[PDB]
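Please read the structure below before turning to the comments.
One-based numbering, in listed order, for ligands and for the atoms of each. Numbers here are sequence positions counted from 1. Computed from heavy atoms alone, side chains included, the values below leave out hydrogens, waters and symmetry copies.
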Amino acid sequence: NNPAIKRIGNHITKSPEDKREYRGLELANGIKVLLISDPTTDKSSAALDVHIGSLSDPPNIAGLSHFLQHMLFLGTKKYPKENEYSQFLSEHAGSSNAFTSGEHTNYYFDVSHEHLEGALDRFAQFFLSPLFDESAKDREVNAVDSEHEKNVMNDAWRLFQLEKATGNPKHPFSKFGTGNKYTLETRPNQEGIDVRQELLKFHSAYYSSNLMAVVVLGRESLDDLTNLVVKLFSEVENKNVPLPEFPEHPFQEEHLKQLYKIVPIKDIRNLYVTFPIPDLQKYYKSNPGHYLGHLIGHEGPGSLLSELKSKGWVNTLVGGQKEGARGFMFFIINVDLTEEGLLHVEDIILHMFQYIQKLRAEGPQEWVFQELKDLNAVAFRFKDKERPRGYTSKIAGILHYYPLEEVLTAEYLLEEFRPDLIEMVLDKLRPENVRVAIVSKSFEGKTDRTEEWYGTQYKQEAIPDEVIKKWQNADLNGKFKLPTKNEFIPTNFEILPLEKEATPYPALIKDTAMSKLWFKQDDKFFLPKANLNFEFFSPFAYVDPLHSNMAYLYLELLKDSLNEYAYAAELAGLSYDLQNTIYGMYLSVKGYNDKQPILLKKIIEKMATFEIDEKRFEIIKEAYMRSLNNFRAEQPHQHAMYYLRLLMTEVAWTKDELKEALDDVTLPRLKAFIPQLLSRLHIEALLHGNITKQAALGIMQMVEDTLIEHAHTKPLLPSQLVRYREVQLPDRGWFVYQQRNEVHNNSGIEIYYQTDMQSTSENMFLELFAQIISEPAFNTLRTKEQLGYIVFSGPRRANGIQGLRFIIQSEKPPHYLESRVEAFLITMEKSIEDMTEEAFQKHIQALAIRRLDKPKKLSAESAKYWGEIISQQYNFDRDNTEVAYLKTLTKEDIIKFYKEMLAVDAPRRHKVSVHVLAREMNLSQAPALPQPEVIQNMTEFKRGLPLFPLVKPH
Ligand SMILES: [Zn+2]
């Protein structure tokens with residue numbers, strides 16, 4: 001035997017398509033482990049999930065377990081340097097993150113495959129001897145505060161906390177999870193609490209081996225991973241902590257039959273219907289809640305949504321089970337509301353109960369369960385191979401819920417038909433346990449309560465007993481019918497033999513006035529799936545704001561019109577994406593290849609013969625007005641990015657321009673625009689997956705023929721295939737553009753140091769520099785100086801040009817943010833001077849692994865080719881070519897590049913800053929800056945600068 005292993009599990013059931021090898025075990029201290037050997041992986045990975053979270057915070061220190069989560073990265077006894085962990089990962093092509101929910105704290109990393117043991121050693125110390133350094137703790141509490149600030153004016157986070165504030169206030173469910181500076185520092189100081197001791201006591205008490213699950217994925221054999229994991233994790237102490245459990249529901253009698261009226265930040269209108277239910281987790285082999293969700297949440301003919309949509313009351317619906325914690329769950333039905341829907345909330349909820357009554361009338365349906373079982377089995381068999389980092393993290397969470405042997409299958413395979421469970425859940429969906437929440441600006445100034453942590457304005461009322469009664473007597477409405485058999489369920493999974501003429505990259509197999517067709521038969525994944533991507537080029541999609549509006553509205557009305565039919569295809573693993581672009585339209589069809597030509601045909605046919613329903617048109621136009629308006633409530637950093645895009649691209653219509661133009665979109669006008677849009681087009685496509693050349697040629701010509709037949713499409717002239725250019729900033733110039741975010745009380749900044757056109761050498765100069773400064777920028781600007789939670793640095797690529805950008809969101813003013821980025825850039829010039837040759841070669845090597853990391857699934861490989869196609873660079877072998885050149889670079893080359901393009905006194909510095917002010921508006925030495933040119937009018941700024949050329953094709 002082995003003293004350190006309690007048991008090794010039996011065979012871990014996996015998909016027969018899965019070439020990874022697996023071994024489950026439990027250590028003697030109680031840690032549940034999954035080991036995954038993949039000898040092909042470029043990045044290895046591990047995750048650890050401790051089954052404690054938020055719901056176990058001390059009642060007097062809200063946010064503690066989330067604070068501990070941040071603090072664990074900031075040093076341990078064996079590795080006391082504050083960023084030893086992140087720096088180690090950065091220098092070895094790795095990355096890490098963590099999250100805290102009510103019951104789990106989950107930590108994960110990935111790393112270059114040769115450096116697993118080093119990464120994993122440093123990571124294991126988190127669970128053995130964190131330092132919770134006093135100085136780290138006082139700085140890091142600012143990152144958490146700033147994380148909560150970002151969430152404060154977000155509607156989803158406000159609704160999430162509001163639900164917890166209106167159940168039983170004594171129940172742990174009512175806790176505030178994120179915490180902030182108030183809860184984590186200010187108030188504890190006032191109460192004589194030593195937060196460092198609290199972190200140490202909480203870690204001591206709950207970070208117990210018996211509550212942990214570990215997953216490790218590496219090239220090493222299963223035996224080697226076994227020894228590694230025993231070596232590192234055997235020392236975690238078992239304190240035998242009982243798993244926390246919450247058998248009493250946070251919504252008791254007095255919390256039921258309540259109506260909440262809520263003021264949102266965005267102009268949104270929604271209706272939330274909720275019923276408390278028991279915890280159904282233990283019934284995973286039948287999944288009664290999924291069965292009900294699938295039915296109540298259906299979007300096919302005869303569905304609930306379908307009738308609410310025809311009445312013109314709602315556009316969208318989500319229904320089904322929602323997680324609570326060990327011992328309680330919820331079942332939801334939530335919809336968005338049209339203006340007319342807002343006035344018929346009562347009738348909407350009755351239709352919900354009529355639909356529920358139809359399910360009780362028909363009884364549990366074994367054929368529905370069989371369909372669900374069959375799709376889940378196909379989905380599991382042909383699951384795309386996952387990136388290691390998300391895969392270890394996700395399995396760590398679920399090791400707490402399923403036997404070792406079933407961890408891979410348990411969320412997929414259904415085994416038991418349980419009409420008794422289906423009826424038992426359905427018996428809880430009754431008007432006597434209903435909670436109803438309406439979100440709308442119409443409640444402004446009509447509310448009388450305020451939620452503490454977010455400020456949310458709402459009113460609570462009992463639902464009148466006569467309203468409950470009307471709902472309890474709901475009868476059968478003849479518009480509601482069970483869905484019928486889903487005929488998109490695929491049954492042909494044959495993998496076509498690899499053709500003799502198959503190539504490693506996409507090949508241009510059709511090059512005509514109408515269409516350019518890039519094609520590759522999958523030679524790696526061997527799943528019965530394909531991706532079909534199309535750019536439709538037309539100047540009329542973006543010629544003015546009005547047209548761009550009409551392009552959008554057309555495509556939204558089209559998707560709305562197809563929804564009923566397309567929903568079945570997407571339950572059957574066949575989906576599509578359709579949107580207007582600054583060039584035209586983009587269409588992508590992905591998933592099982594079997595029925596895929598059927599759905600594609602249908603989209604092109606509808607596209608080309610579309611008849612707008614006038615009612616759908618007014619509803620979708622009003623949602624779009626709101627959606628443009630609601631931009632004002634996005635975050636300051638999203639504003640800054642959005643303004644830079646408008647500043648640097650040749651053509652770009654603002655949200656304001658689109659909004660003004662929107663009133664002039666009439667039905668007549670939209671009906672005229674469509675044939676005009678479709679009259680002349682160019683189509684560039686990538687057809688990639690389980691498909692032959694001649695099926696690819698056939699699919700392409702079928703799209704052409706359908707357009708030609710129905711919309712009389714002719715080819716665009718080559719000269720009209722315009723790409724837009726980037727604005728060319730002058731040597732030594734600095735421009736600032738300044739605006740205010742009217743909603744958030746944080747500011748945001750984007751700083752862009754433009755370099756030159758993209759090419760091999762320029763790319764790798766910028767990428768290597770970015771790789772070098774990446775971790776230090778986060779360490780400096782966030783961990784040390786604490787300027788904000790959101791601190792970002794990296795390449796910016798647009799319209800064939802590039803440069804270095806910095807994005808920060810902070811309470812500090814933008815001019816101060818600027819000076820800190822500038823101090824930091826100097827700090828980096830010195831680090832680069834002082835770093836060893838070997839330190840320098842480790843960064844080359846890390847960038848190299850990053851760039852050469854193999855796609856693990858079809859759609860990631862398609863996305864690489866697609867980026868070559870849409871950028872018109874067509875450099876399909878870029879990665880080998882760029883990396884060969886990268887390996888040639890020296891320290892001097894990067895110092896010279898920095899001195900020429902980036903330094904404060906650089907001869908070719910080209911800087912633009914976007915300053916977004918907050919609603920209401922020791923340290924290294926910042927250099928003196930010149931006086932900037934303040935941009936007053938974006939159109940004038942553009943007209944007075946040159947425009948770069950466009951990049952040439954391979
Ligand atoms: Zn956090």
Side-chain angles (χ1 to χ4, degrees), residues 47-58 61-76 82-83 85-86 89 95-109 123 126-127 130-133 135-154 156-158 160-161 164 175-188 195-196 198-199 202-203 206-207 389-390 393-394 396-397 453-454 635-638 744 746 748 775 777-792 807-811:
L48 191 151
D49 183 289
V50 188
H51 212 334
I52 281 93
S54 274
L55 260 10
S56 302
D57 292 341
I61 322 191
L64 187 65
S65 85
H66 169 226
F67 197 37
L68 185 146
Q69 186 246 96
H70 285 241
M71 291 302 296
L72 297 193
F73 293 76
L74 303 181
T76 63
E82 184 165 278
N83 65 340
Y85 171 81
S86 63
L89 291 180
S95 65
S96 197
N97 219 327
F99 65 78
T100 306
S101 62
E103 301 176 291
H104 291 275
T105 313
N106 184 300
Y107 303 81
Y108 46 94
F109 72 83
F123 174 82
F126 292 22
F127 309 100
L131 287 179
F132 303 122
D133 179 84
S135 155
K137 147 175 99 34
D138 301 323
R139 277 172 286 115
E140 190 60 11
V141 71
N142 292 289
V144 166
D145 191 63
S146 177
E147 178 173 359
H148 171 68
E149 275 304 305
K150 148 181 74 72
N151 301 334
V152 151
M153 298 284 126
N154 182 272
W157 283 96
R158 290 164 73 85
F160 168 86
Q161 195 71 33
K164 297 169 169 278
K175 290 160 156 173
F176 175 40
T178 307
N180 62 20
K181 179 147 161 177
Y182 187 68
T183 70
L184 263 358
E185 172 181 286
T186 308
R187 169 125 87 180
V195 183
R196 182 171 186 256
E198 298 314 318
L199 291 160
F202 192 104
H203 190 268
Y206 298 108
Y207 277 58
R389 198 182 126 235
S393 181
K394 161 89 182 145
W453 299 115
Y454 287 77
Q635 245 145 59
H637 81 285
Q638 307 167 301
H744 295 255
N746 267 204
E775 185 279 327
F778 179 90
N779 184 238
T780 301
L781 274 3
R782 169 162 147 183
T783 314
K784 289 171 172 175
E785 304 185 25
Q786 294 293 150
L787 300 171
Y789 178 82
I790 301 294
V791 168
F792 179 89
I807 297 161
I808 297 130
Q809 176 164 299
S810 173
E811 73 185 298

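A salt bridge does not link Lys137 with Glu198: every distance from a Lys NZ or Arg NE/NH1/NH2 to an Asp or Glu carboxylate oxygen is 4.0 Å or more.
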* So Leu184 and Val144, side-chain contact (heavy atoms from CB on, under 4.5 Å) or not? Walk me through it. -> CA-CA 9 Å; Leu184 263 358; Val144 166; 3.6 Å; yes
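Looking at residues two or more places apart in sequence or on another chain, you find a side-chain contact (heavy atoms from CB on, under 4.5 Å) between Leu131 and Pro80. Every residue meeting the ring-ring contact (aromatic ring centres under 6.0 Å, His included) condition with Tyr454, not counting sequence neighbours, appears here in chain and number order: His148. The ring-ring contact (aromatic ring centres under 6.0 Å, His included) search around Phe109 returns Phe123, not counting sequence neighbours.
A distance of 6.5 Å separates CZ of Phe73 from CG of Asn97, quoted to the nearest 0.5 Å.
Atoms of the protein (N, O or S only) found under 2.8 Å from the Zn ion (ligand 1) are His66 NE2, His70 NE2, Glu147 OE1, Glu147 OE2.
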